[PDB]
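Student:
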Ligand SMILES: NC(=[NH2+])c1ccc2[nH]c(-c3cc(F)ccc3[O-])nc2c1
Ligand SMILES: [Ca+2]
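Numbering (full-length UniProt numbering), first residue to last: 24 to 246.
Dropping the structure here:
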């Protein structure tokens, strides 16, 4: 997260860290046994780490659970990143409490101008790499579809939306992929891609979760 602030320990209780010997992507807990992340974060050997603040220190509240299976959307296109969503089923259910809690799926899509919270342990520098130990937060608005298509002509599909600042300086970045974009208490986006990080007129692009709620529900119901 570039231009963000320290969230504060366990203030984003649905945030998870996907780990394979190091943090490589974020994710969101949607119920005690499932996590939603980005399809491009897929790899085998994933351990889901819940209740984290400093990912390099066991401070208490952490729950490390192995993934039993990861389900990448069947129509995920790795060249366009269209349908960049994946569901991860945990080997055992997590113990939910005030520090580890799930976030709700939306019933309607969010409008331009909606203010959202983006969080993650990704790079905090736009020019270079500085990875934080604790969770960073960023408040950012959803941009109109015309400004998003004007910024990335021919690369935005109806399953994506832009959020951020066209002046540059505040954005999600590498290491934040798969993490949450929460607006009014509902999970509206998944950190997916962008051109560099916090560059002027190049806002971040997010997977539009409201287009996948029936898919998520039907997939969880059958697995
Ligand atoms: N500017 C952004 N809003 C952004 C967000 C997530 C990213 N994730 C990545 C990324 C880069 C890699 F080289 C490998 C995996 C990633 O998720 N770049 C990203 C850029
Ligand atoms: Ca920790």
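Cβ coordinates follow ideal geometry from the N, Cα and C atoms, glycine included.
Just checking my contact of residue 24 with residue 41 at CB under 8 Å: how many whole Å lie between their CB atoms?
Tutor: The Cβ separation is near 16 Å, so there is no contact.
Student: In the DSSP output, what is residue 230 paired with across the bridge?
Tutor: The partner list for residue 230 (beta bridge, DSSP) reads 183, 213.
Student: With distances taken from CA atoms, which of 106, 90, 231, 191 is nearest residue 97?
Tutor: Considering only alpha carbons, the answer is 106.
Student: For residue 112 and residue 246, which I take to be in contact (beta-carbon distance under 8 Å), what is that distance rounded to the nearest angstrom?
Tutor: About 6 Å; that satisfies the 8 Å criterion.
Student: What does the Cβ neighbour count give for residue 80, buried or exposed, with the cut at 16 atoms within 10 Å?
Tutor: So residue 80 ends up on the exposed side.
Student: How do the region 219-236 and the region 70-79 stand: do at least 3 beta-carbon pairs fall below 8 Å, yes or no?
Tutor: No, the region 219-236 is not in contact with the region 70-79.
Student: Going by CA-CA distance only, name the one from 231, 27, 74, 127 that's closest to residue 209.
Tutor: Taking only the C-alpha atoms, the option nearest residue 209 is 127.
Student: How should residue 159 be labelled, buried or exposed, when 16 other C-beta atoms within 10 angstroms of its C-beta is the threshold for buried?
Tutor: Answer is buried; the Cβ neighbour count reaches 16.
Student: With a threshold of 7 Å, establish whether the CB of residue 144 neighbours any heavy atom of ligand 1.
Tutor: No - ligand 1 has no heavy atom lying nearer than 7 Å to the Cβ of residue 144.
Student: Could you name the residues that DSSP lists as bridge partners for residue 40?
Tutor: 49, 72, per the DSSP bridge assignment.
Student: So the candidates are 89, 88, 74; which of them puts its Cα closest to the Cα of residue 82?
Tutor: For the residues 89, 88, 74, the minimum Cα distance to residue 82 belongs to 74.
Student: From the DSSP output, read off the bridge partner residues of residue 160.
Tutor: Bridge partners of residue 160: 28, 142.
Student: Is residue 195 close to ligand 1? I mean its beta-carbon at under 7 Å from any heavy atom of the ligand.
Tutor: The answer is yes for residue 195.
Student: Below 8 Å, can you find three or more Cβ-Cβ pairs linking the region 129-149 to the region 159-178?
Tutor: Yes, they touch.
Student: Rounded to a whole number of angstroms, what is the C-alpha to C-alpha distance between residue 202 and residue 27?
Tutor: Rounded to the nearest angstrom, the two C-alpha atoms are 15 Å apart.
Student: What does the alpha-carbon distance come out to for the pair residue 198 and residue 240?
Tutor: One C-alpha to the other measures close to 27 Å.
Student: Any chance the CB of residue 76 is under 7 Å from a heavy atom of ligand 4?
Tutor: No copy of ligand 4 occurs in the structure displayed; its ligands are ligand 1 and ligand 2 alone.
Student: So, helix, strand or coil for residue 117, using DSSP?
Tutor: It is coil, neither helix nor strand.
Student: Need the endpoints of the beta strand (DSSP E) that residue 86 sits in, please.
Tutor: Counting along the chain, the beta strand (DSSP E) containing residue 86 begins and ends at 86-95.
Student: On the three-pair Cβ rule with 8 Å, is the region 229-236 touching the region 209-219?
Tutor: With a cut-off of 8 Å, the region 209-219 and the region 229-236 count as touching, because enough Cβ pairs lie within range.
Student: Does DSSP put residue 240 in a helix, a strand or coil?
Tutor: Residue state, collapsed to three classes: helix.
Student: From 217, 151, 167, 119, pick the residue whose C-alpha is nearest to that of residue 194; which is it?
Tutor: Per the Cα distances, 217.
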